[PDB]
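Dropping run.cif in here (mmCIF, C-alpha atoms and all ligand atoms):
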```
data_input
loop_
_atom_site.label_atom_id
_atom_site.label_comp_id
_atom_site.auth_asym_id
_atom_site.auth_seq_id
_atom_site.Cartn_x
_atom_site.Cartn_y
_atom_site.Cartn_z
CA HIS A 8 0.00 0.00 0.00
CA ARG A 9 1.47 3.34 -1.16
CA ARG A 10 -1.20 6.11 -1.25
CA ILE A 11 -2.93 7.39 1.89
CA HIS A 12 -6.09 9.53 1.59
CA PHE A 13 -7.22 11.80 4.46
CA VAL A 14 -10.88 12.80 4.80
CA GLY A 15 -10.73 16.32 6.20
CA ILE A 16 -6.98 16.71 5.80
CA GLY A 17 -6.97 20.33 6.95
CA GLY A 18 -8.39 20.08 10.42
CA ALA A 19 -7.64 18.28 13.66
CA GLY A 20 -4.39 16.42 14.01
CA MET A 21 -4.93 15.21 10.47
CA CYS A 22 -2.45 17.59 8.81
CA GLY A 23 0.50 16.59 10.97
CA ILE A 24 0.02 12.88 10.22
CA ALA A 25 -0.16 13.57 6.49
CA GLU A 26 3.03 15.64 6.75
CA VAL A 27 4.97 12.81 8.43
CA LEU A 28 3.70 10.34 5.85
CA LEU A 29 5.00 12.61 3.11
CA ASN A 30 8.32 12.69 4.96
CA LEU A 31 8.32 8.88 4.97
CA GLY A 32 7.93 8.87 1.17
CA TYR A 33 4.26 7.93 0.77
CA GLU A 34 1.90 9.42 -1.76
CA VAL A 35 -0.57 11.45 0.31
CA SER A 36 -3.89 12.94 -0.75
CA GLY A 37 -6.70 14.57 1.17
CA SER A 38 -10.04 16.31 0.91
CA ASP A 39 -11.39 19.26 2.85
CA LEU A 40 -14.31 21.65 2.69
CA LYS A 41 -12.17 24.81 2.44
CA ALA A 42 -8.65 25.56 1.27
CA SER A 43 -6.30 26.98 3.88
CA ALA A 44 -2.67 27.73 4.61
CA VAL A 45 -2.57 24.24 6.16
CA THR A 46 -3.56 22.58 2.87
CA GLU A 47 -1.24 24.89 0.89
CA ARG A 48 1.68 23.74 3.02
CA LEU A 49 0.77 20.09 2.49
CA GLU A 50 0.48 20.74 -1.24
CA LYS A 51 3.88 22.45 -1.27
CA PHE A 52 5.25 19.31 0.40
CA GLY A 53 3.67 17.02 -2.23
CA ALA A 54 0.11 16.25 -1.07
CA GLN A 55 -2.69 16.16 -3.63
CA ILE A 56 -5.56 18.22 -2.19
CA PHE A 57 -9.23 18.02 -3.20
CA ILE A 58 -11.65 20.74 -2.13
CA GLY A 59 -15.07 19.23 -1.52
CA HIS A 60 -16.12 15.64 -0.86
CA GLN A 61 -16.83 13.52 -3.94
CA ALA A 62 -16.31 9.77 -4.26
CA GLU A 63 -13.65 10.17 -6.97
CA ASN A 64 -11.24 11.76 -4.46
CA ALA A 65 -10.64 8.34 -2.91
CA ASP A 66 -9.69 6.84 -6.28
CA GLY A 67 -6.22 5.34 -6.15
CA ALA A 68 -6.09 5.36 -2.34
CA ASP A 69 -4.83 2.24 -0.62
CA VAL A 70 -6.14 3.40 2.79
CA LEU A 71 -8.37 6.18 4.12
CA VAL A 72 -7.78 8.11 7.35
CA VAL A 73 -10.85 9.70 8.98
CA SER A 74 -10.72 12.11 11.92
CA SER A 75 -13.73 10.87 13.89
CA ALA A 76 -15.57 7.70 12.85
CA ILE A 77 -16.77 6.28 9.55
CA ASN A 78 -19.61 8.46 8.24
CA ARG A 79 -21.84 6.95 5.58
CA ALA A 80 -22.96 10.49 4.70
CA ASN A 81 -19.49 11.33 3.41
CA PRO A 82 -19.26 9.69 -0.04
CA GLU A 83 -15.48 9.17 0.01
CA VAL A 84 -15.84 6.88 3.03
CA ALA A 85 -18.69 4.96 1.41
CA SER A 86 -16.78 4.60 -1.86
CA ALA A 87 -13.87 3.18 0.15
CA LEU A 88 -16.04 0.77 2.15
CA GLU A 89 -17.49 -0.55 -1.10
CA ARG A 90 -14.06 -1.27 -2.61
CA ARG A 91 -12.83 -2.83 0.67
CA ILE A 92 -10.26 -0.04 0.91
CA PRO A 93 -9.48 0.00 4.66
CA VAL A 94 -10.65 3.09 6.54
CA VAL A 95 -8.62 3.59 9.68
CA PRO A 96 -9.24 6.13 12.47
CA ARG A 97 -6.93 9.11 12.85
CA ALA A 98 -5.58 7.97 16.22
CA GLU A 99 -4.46 4.59 14.85
CA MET A 100 -2.53 6.08 11.94
CA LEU A 101 -1.01 8.51 14.43
CA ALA A 102 0.14 5.58 16.60
CA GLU A 103 1.78 3.72 13.71
CA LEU A 104 4.17 6.56 12.86
CA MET A 105 6.21 5.34 15.80
CA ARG A 106 7.23 2.21 13.84
CA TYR A 107 9.28 4.37 11.46
CA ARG A 108 11.28 6.27 14.08
CA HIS A 109 13.04 5.84 17.42
CA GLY A 110 9.82 6.16 19.41
CA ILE A 111 9.53 7.35 23.00
CA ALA A 112 6.04 6.67 24.40
CA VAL A 113 5.12 8.70 27.50
CA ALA A 114 2.43 6.77 29.38
CA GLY A 115 0.83 7.46 32.72
CA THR A 116 -2.56 8.83 33.71
CA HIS A 117 -1.24 12.27 34.71
CA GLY A 118 1.77 14.21 33.53
CA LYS A 119 2.01 12.86 29.99
CA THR A 120 1.92 16.29 28.40
CA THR A 121 4.55 18.03 30.51
CA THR A 122 6.87 15.02 30.39
CA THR A 123 6.60 14.73 26.59
CA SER A 124 7.47 18.43 26.31
CA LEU A 125 10.39 18.20 28.71
CA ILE A 126 11.79 15.29 26.69
CA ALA A 127 11.38 17.22 23.41
CA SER A 128 12.98 20.28 24.96
CA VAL A 129 16.07 18.36 26.11
CA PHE A 130 16.46 16.44 22.85
CA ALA A 131 16.09 19.75 20.97
CA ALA A 132 18.75 21.29 23.20
CA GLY A 133 20.92 18.34 22.13
CA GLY A 134 20.46 19.18 18.44
CA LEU A 135 18.04 16.34 17.68
CA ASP A 136 14.91 18.42 16.74
CA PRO A 137 12.41 15.69 17.66
CA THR A 138 8.86 15.48 16.44
CA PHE A 139 6.50 15.25 19.43
CA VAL A 140 2.79 14.52 19.89
CA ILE A 141 0.72 16.33 22.56
CA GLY A 142 -3.06 16.27 22.58
CA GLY A 143 -2.97 14.37 19.31
CA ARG A 144 -1.17 17.26 17.57
CA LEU A 145 2.26 16.72 15.99
CA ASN A 146 4.86 19.41 16.69
CA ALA A 147 8.54 20.24 16.34
CA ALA A 148 10.65 23.37 16.73
CA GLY A 149 12.06 23.40 13.18
CA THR A 150 9.05 25.20 11.61
CA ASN A 151 10.30 25.12 8.00
CA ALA A 152 11.34 21.41 8.12
CA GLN A 153 8.69 18.73 7.55
CA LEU A 154 7.35 16.96 10.63
CA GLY A 155 8.92 13.57 11.12
CA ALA A 156 12.35 14.60 9.85
CA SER A 157 14.06 13.79 13.16
CA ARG A 158 14.99 10.22 14.01
CA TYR A 159 13.05 10.75 17.25
CA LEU A 160 9.30 10.64 17.84
CA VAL A 161 8.08 11.49 21.36
CA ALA A 162 4.41 10.78 22.00
CA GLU A 163 1.81 10.76 24.76
CA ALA A 164 0.46 7.25 25.28
CA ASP A 165 -3.11 7.39 26.62
CA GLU A 166 -4.43 4.23 28.25
CA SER A 167 -7.99 5.10 27.20
CA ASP A 168 -7.05 5.38 23.51
CA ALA A 169 -7.95 2.35 21.42
CA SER A 170 -4.43 2.33 19.94
CA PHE A 171 -2.70 2.18 23.34
CA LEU A 172 -1.58 -1.44 22.87
CA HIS A 173 -0.48 -0.85 19.24
CA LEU A 174 2.38 1.54 19.96
CA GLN A 175 5.83 0.15 19.11
CA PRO A 176 8.20 2.41 21.07
CA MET A 177 11.86 1.92 21.81
CA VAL A 178 11.39 3.63 25.19
CA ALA A 179 8.28 3.81 27.36
CA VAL A 180 7.70 5.93 30.45
CA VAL A 181 5.04 5.20 33.04
CA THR A 182 4.65 8.28 35.23
CA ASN A 183 1.76 6.79 37.26
CA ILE A 184 -1.30 4.52 37.07
CA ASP A 185 -4.64 5.99 38.21
CA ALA A 186 -8.22 4.71 38.03
CA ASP A 187 -9.62 7.59 35.92
CA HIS A 188 -10.13 5.34 32.87
CA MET A 189 -11.41 2.19 34.58
CA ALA A 190 -14.52 2.29 32.37
CA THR A 191 -12.32 1.57 29.33
CA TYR A 192 -11.43 -1.75 30.99
CA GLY A 193 -14.81 -3.02 32.20
CA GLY A 194 -14.56 -0.79 35.25
CA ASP A 195 -11.90 -3.03 36.83
CA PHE A 196 -8.68 -1.50 38.17
CA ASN A 197 -6.87 -4.84 38.12
CA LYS A 198 -7.66 -5.01 34.37
CA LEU A 199 -6.29 -1.50 33.95
CA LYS A 200 -3.04 -2.50 35.68
CA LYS A 201 -2.65 -5.56 33.44
CA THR A 202 -2.96 -3.28 30.40
CA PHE A 203 0.06 -1.26 31.59
CA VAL A 204 2.05 -4.50 31.90
CA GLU A 205 0.93 -5.48 28.39
CA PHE A 206 1.82 -2.00 27.11
CA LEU A 207 5.34 -2.32 28.53
CA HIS A 208 5.66 -5.73 26.89
CA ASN A 209 5.34 -4.03 23.49
CA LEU A 210 8.91 -2.85 24.02
CA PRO A 211 11.52 -5.00 22.26
CA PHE A 212 13.96 -6.90 24.47
CA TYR A 213 16.51 -4.12 23.75
CA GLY A 214 14.02 -1.41 24.73
CA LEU A 215 13.84 0.56 27.94
CA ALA A 216 11.04 0.88 30.49
CA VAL A 217 11.26 4.06 32.59
CA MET A 218 9.16 3.57 35.72
CA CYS A 219 8.19 6.01 38.46
CA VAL A 220 8.50 3.86 41.60
CA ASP A 221 7.08 6.66 43.74
CA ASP A 222 3.69 5.41 42.49
CA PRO A 223 2.76 2.28 44.47
CA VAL A 224 1.00 0.67 41.52
CA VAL A 225 3.99 1.16 39.21
CA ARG A 226 6.08 -0.41 41.96
CA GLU A 227 3.60 -3.31 42.24
CA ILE A 228 3.87 -4.33 38.56
CA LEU A 229 7.64 -3.77 38.32
CA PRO A 230 8.54 -7.48 38.89
CA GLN A 231 6.36 -8.48 35.91
CA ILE A 232 8.25 -6.27 33.44
CA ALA A 233 10.55 -8.60 31.57
CA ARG A 234 12.27 -5.67 29.81
CA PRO A 235 15.29 -3.51 30.72
CA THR A 236 14.06 -1.07 33.35
CA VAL A 237 15.28 2.12 34.99
CA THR A 238 13.37 3.39 38.00
CA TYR A 239 13.14 6.99 39.10
CA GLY A 240 11.52 8.92 41.90
CA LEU A 241 12.06 10.61 45.20
CA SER A 242 12.13 7.11 46.78
CA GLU A 243 15.53 6.33 48.29
CA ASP A 244 15.73 3.07 46.31
CA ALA A 245 15.12 4.56 42.86
CA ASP A 246 17.91 4.24 40.29
CA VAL A 247 17.60 7.93 39.36
CA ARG A 248 16.66 10.14 42.34
CA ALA A 249 16.22 13.79 43.23
CA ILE A 250 17.64 15.19 46.47
CA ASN A 251 18.20 18.61 48.08
CA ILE A 252 15.10 20.11 46.47
CA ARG A 253 14.94 23.86 46.98
CA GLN A 254 13.50 27.01 45.44
CA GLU A 255 14.64 30.36 44.00
CA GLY A 256 11.49 32.14 42.81
CA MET A 257 9.23 30.12 40.50
CA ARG A 258 12.32 27.99 39.77
CA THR A 259 12.86 24.65 41.49
CA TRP A 260 16.42 23.40 42.00
CA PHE A 261 17.54 19.88 42.84
CA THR A 262 20.41 17.42 42.53
CA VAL A 263 19.84 14.29 40.40
CA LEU A 264 21.67 11.08 41.34
CA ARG A 265 22.36 8.56 38.59
CA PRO A 266 24.11 5.17 38.59
CA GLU A 267 27.83 5.45 37.70
CA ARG A 268 27.57 9.26 37.31
CA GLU A 269 28.45 12.24 39.48
CA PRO A 270 25.64 14.24 41.14
CA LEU A 271 24.16 16.74 38.69
CA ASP A 272 22.52 20.02 39.68
CA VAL A 273 19.52 20.92 37.53
CA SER A 274 16.65 23.35 37.77
CA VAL A 275 13.20 23.51 36.20
CA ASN A 276 10.98 26.57 35.78
CA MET A 277 7.77 24.99 37.17
CA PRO A 278 6.77 24.24 40.77
CA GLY A 279 5.80 21.10 42.64
CA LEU A 280 7.25 17.64 43.08
CA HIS A 281 5.37 16.41 40.01
CA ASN A 282 7.53 18.62 37.81
CA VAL A 283 10.57 17.32 39.69
CA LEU A 284 9.35 13.81 38.75
CA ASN A 285 8.77 14.86 35.11
CA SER A 286 12.39 16.06 35.04
CA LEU A 287 13.68 12.78 36.46
CA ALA A 288 11.86 10.81 33.76
CA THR A 289 13.36 13.12 31.14
CA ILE A 290 16.82 12.85 32.71
CA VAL A 291 16.60 9.04 32.60
CA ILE A 292 15.67 9.00 28.91
CA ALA A 293 18.24 11.58 27.86
CA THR A 294 20.99 9.86 29.84
CA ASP A 295 20.26 6.43 28.32
CA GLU A 296 20.25 8.09 24.88
CA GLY A 297 23.69 9.60 25.47
CA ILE A 298 22.68 13.27 25.54
CA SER A 299 25.15 15.56 27.31
CA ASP A 300 24.81 17.02 30.79
CA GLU A 301 24.84 20.50 29.21
CA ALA A 302 21.87 19.79 26.97
CA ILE A 303 19.96 18.17 29.83
CA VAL A 304 20.53 21.26 31.96
CA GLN A 305 19.72 23.64 29.11
CA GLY A 306 16.58 21.80 28.01
CA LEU A 307 15.13 21.56 31.52
CA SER A 308 15.80 25.18 32.51
CA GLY A 309 14.89 26.97 29.28
CA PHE A 310 11.50 25.24 29.32
CA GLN A 311 8.66 27.74 29.72
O1 LIG B 401 0.53 9.15 41.73
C1 LIG B 401 1.35 10.34 41.66
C2 LIG B 401 0.78 11.22 40.54
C3 LIG B 401 -0.74 11.48 40.73
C4 LIG B 401 -1.32 12.87 40.36
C5 LIG B 401 -0.26 13.84 39.82
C6 LIG B 401 1.02 13.71 40.66
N1 LIG B 401 1.62 12.42 40.32
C7 LIG B 401 2.60 12.43 39.36
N2 LIG B 401 2.55 13.43 38.44
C8 LIG B 401 3.46 13.51 37.51
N3 LIG B 401 3.37 14.59 36.55
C9 LIG B 401 2.52 15.55 36.38
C10 LIG B 401 1.18 15.70 36.89
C11 LIG B 401 0.69 16.85 36.41
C12 LIG B 401 -0.55 17.55 36.56
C13 LIG B 401 -1.80 16.75 36.96
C14 LIG B 401 -1.16 17.63 37.97
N4 LIG B 401 1.75 17.46 35.54
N5 LIG B 401 2.76 16.75 35.51
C15 LIG B 401 4.50 12.62 37.38
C16 LIG B 401 5.65 12.33 36.59
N6 LIG B 401 6.25 11.26 37.08
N7 LIG B 401 5.56 10.77 38.20
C17 LIG B 401 4.51 11.58 38.39
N8 LIG B 401 3.56 11.51 39.35
#
```

Please rewrite the model in this file as C-alpha cells.
Ligand SMILES: OC[C@H]1CCCCN1c1nc(Nc2cc(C3CC3)[nH]n2)c2c[nH]nc2n1
Amino acid sequence: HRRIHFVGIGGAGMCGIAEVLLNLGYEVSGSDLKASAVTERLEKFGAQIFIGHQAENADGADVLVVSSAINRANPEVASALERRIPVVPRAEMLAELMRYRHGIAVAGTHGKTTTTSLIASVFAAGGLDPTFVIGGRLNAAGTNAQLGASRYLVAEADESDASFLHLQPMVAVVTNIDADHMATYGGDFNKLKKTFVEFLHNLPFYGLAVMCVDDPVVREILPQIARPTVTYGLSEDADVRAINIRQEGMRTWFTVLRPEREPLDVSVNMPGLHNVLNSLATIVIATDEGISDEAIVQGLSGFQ
C-alpha cells in the first residue's frame, strides 16, 4: 500500500500525520471543505488536495484516514467501504508513525503532556529536533522542516485510547497509574493494571522501560516487566533520584543522582514535586540516549 487519503486533511491532528507520511515517502492525498494555509503547506510538500467531498477523491487510495468515525454520509468513506479499501481512524494512523522512528512513548494517567514536552525540549537542546505529539497534535521546533524529519518521535500514550496497545516504542515511560479510565477496561482496576504491563511488553527486548516507583502501583507491577528497566523517583531506592530540592522564585532546584555518574545540579521553571518527577523521567531517557549534561541542563531550565 502506497497512497494514503485523508478525509478532512486540513483540520484536527490530520495535517501533521499527512506531513509525516510525506516525509516517509508515501503518496498522500486529502479532501477538505475549504482551502487553507494548512492545505497549501501540504500541497507544497507534495500532497494532492481536493476541495469538496466527492467519491472520486478516494480513487487510487490504498487506505483512508478519517478524523472521527466512519460516516456513511461522506461519499469518500462509502466509496472506500465498497471497494474494501481499509478506513482507519486518525488515532491509529497517528500511533503507527512510531514504527518508522526511534519512538519514545510517555504513558501514565497524569503528567504525559509536561513530560513529553520536557523530553522534546532536552532532545532539541541536544540538536536532535524531535517530532512530538501532545493532545494528538504533531509538533517540532524546526518550523520550515517537515514533521517527522528527526529520528526521534516522542508521543503521549493514553491508556484510554484504542491504539494504546499498538504503539511500538523503543522507550516507554510510566509516570503513574490511576483509576480515571477504569470504564475503558470493564470498570476493573486490576484489568487497567494488566494493560500497563501489556503495554510495557510491546517494548523490544533491547528497549527501555522508565518507571516512576514513587507510584505504588507502578512499583507493584515492576517485577512483571521482563524488559530492561530504569526506576526513578524521590524514593531512596530509585535508580535515578532527586535530592536537596529547593527554590529560588518560581524555579525549582535539585540534585539528580544517577548510577555510575556524578551528582548533577539541575533546575526547572515549574513548581511542585510532580515537575521534579517529570524532570527525572526526562533525565533518565536523555541519559540512556547519550545526551550531554549541558543539553539536559539547558533543556530543563529553558522550558517555559
Ligand atoms: O501518583 C502520583 C501522581 C498522581 C497525580 C499527579 C502527581 N503524580 C505524578 N505526576 C506527575 N506529573 C505531572 C502531573 C501533572 C498535573 C496533573 C497535575 N503534571 N505533571 C508525574 C511524573 N512522574 N511521576 C509523576 N507523578

Each residue of chain A lying at most 6 Å from ligand LIG 401 (chain B) should get a row with its shortest atom-to-atom pair and the distance in Å to one decimal, counting all atoms listed in the file; could you produce that, ordered by chain and increasing number, as a Markdown table?
```
| residue | atom | partner | partner_atom | distance |
| --- | --- | --- | --- | --- |
| A:117 | CA | B:LIG401 | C10 | 4.7 |
| A:118 | CA | B:LIG401 | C9 | 3.2 |
| A:121 | CA | B:LIG401 | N5 | 5.5 |
| A:182 | CA | B:LIG401 | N6 | 3.9 |
| A:183 | CA | B:LIG401 | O1 | 5.2 |
| A:219 | CA | B:LIG401 | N7 | 5.4 |
| A:222 | CA | B:LIG401 | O1 | 5.0 |
| A:281 | CA | B:LIG401 | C8 | 4.3 |
| A:282 | CA | B:LIG401 | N5 | 5.6 |
| A:284 | CA | B:LIG401 | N6 | 4.3 |
| A:285 | CA | B:LIG401 | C16 | 4.3 |
```

- request: Find, counting all atoms listed in the file, the residue in A:296, A:244, A:26, A:272 that gets nearest to residue 144 (chain A).
  value: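 Among the listed residues, the smallest separation from residue 144 (chain A) belongs to A:26.
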
field: Gap from CA of residue 158 (chain A) to CA of residue 108 (chain A) - Å, one decimal
entry: 5.4 Å

For region 205-221 of chain A, I'd like the enclosing box, axis-aligned and padded by 4 Å on every side, reported as lines of an AutoDock Vina configuration file with centre and edge lengths in Å to one decimal.
```
center_x = 8.7
center_y = -0.1
center_z = 33.0
size_x = 23.6
size_y = 21.6
size_z = 29.5
```

task: Tell me, as a ChimeraX atom specification, which residues lie within 9 Å of residue 292 (chain A), counting only C-alpha atoms; anything in the same chain fewer than 6 positions away does not count.
output: /A:111,126,178,180,215,217,298

query: Hey, what's within 8 Å of residue 67 (chain A) if we count only C-alpha atoms and toss same-chain stuff fewer than 2 positions away? As a PyMOL selection string, please?
result: chain A and resi 10+65+69

- prompt: Near residue 150 (chain A), within 12 Å and counting all atoms listed in the file, which residues show up once chain neighbours fewer than 6 positions away are dropped, as a PyMOL selection string?
  reply: chain A and resi 48+136-138+156

Those same residues - C-alpha atoms - I'd like them written as a PDB file, in the coordinates of the input.
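Now in part-v2.pdb:
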```pdb
ATOM      1  CA  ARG A  48       1.680  23.740   3.020  1.00  0.00           C
ATOM      2  CA  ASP A 136      14.910  18.420  16.740  1.00  0.00           C
ATOM      3  CA  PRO A 137      12.410  15.690  17.660  1.00  0.00           C
ATOM      4  CA  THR A 138       8.860  15.480  16.440  1.00  0.00           C
ATOM      5  CA  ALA A 156      12.350  14.600   9.850  1.00  0.00           C
TER       6      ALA A 156
END
```

Who sits within 8 Å of region 225-238 of chain A, only C-alpha atoms, same chain under 3 positions skipped, as a PyMOL selection string: chain A and resi 181+183-184+200+204+207-208+210-222+245-247+291

query: Which neighbours of residue 174 (chain A) fall inside 7 Å, counting all atoms listed in the file, when residues of the same chain fewer than 4 positions from it are skipped, and could you give them as a VMD selection string?
result: chain A and resid 102 to 103 105 170

Include C-alpha atoms and write out the residues we just selected as a PDB file, keeping the file's coordinate frame.
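part03.pdb, freshly written:
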```pdb
ATOM      1  CA  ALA A 102       0.140   5.580  16.600  1.00  0.00           C
ATOM      2  CA  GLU A 103       1.780   3.720  13.710  1.00  0.00           C
ATOM      3  CA  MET A 105       6.210   5.340  15.800  1.00  0.00           C
ATOM      4  CA  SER A 170      -4.430   2.330  19.940  1.00  0.00           C
TER       5      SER A 170
END
```

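Between residue 153 (chain A) and the residues A:279, A:176, A:53, A:134, the shortest atom-to-atom distance, using only C-alpha atoms, involves A:53.
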
message: Using all atoms listed in the file, can you tell me which of A:177, A:199, A:101, A:14 comes closest to residue 143 (chain A)?
response: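 Ranking A:177, A:199, A:101, A:14 by distance to residue 143 (chain A), first place goes to A:101.
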
field: Using only C-alpha atoms: which of A:206, A:260, A:52, A:196 has the shortest distance to residue 278 (chain A)
entry: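 With only C-alpha atoms as the atom set, the closest residue is A:260.
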
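Of the listed residues A:23, A:133, A:309, A:18, the one whose atoms come nearest to residue 294 (chain A) is A:133, with distances taken using all atoms listed in the file.
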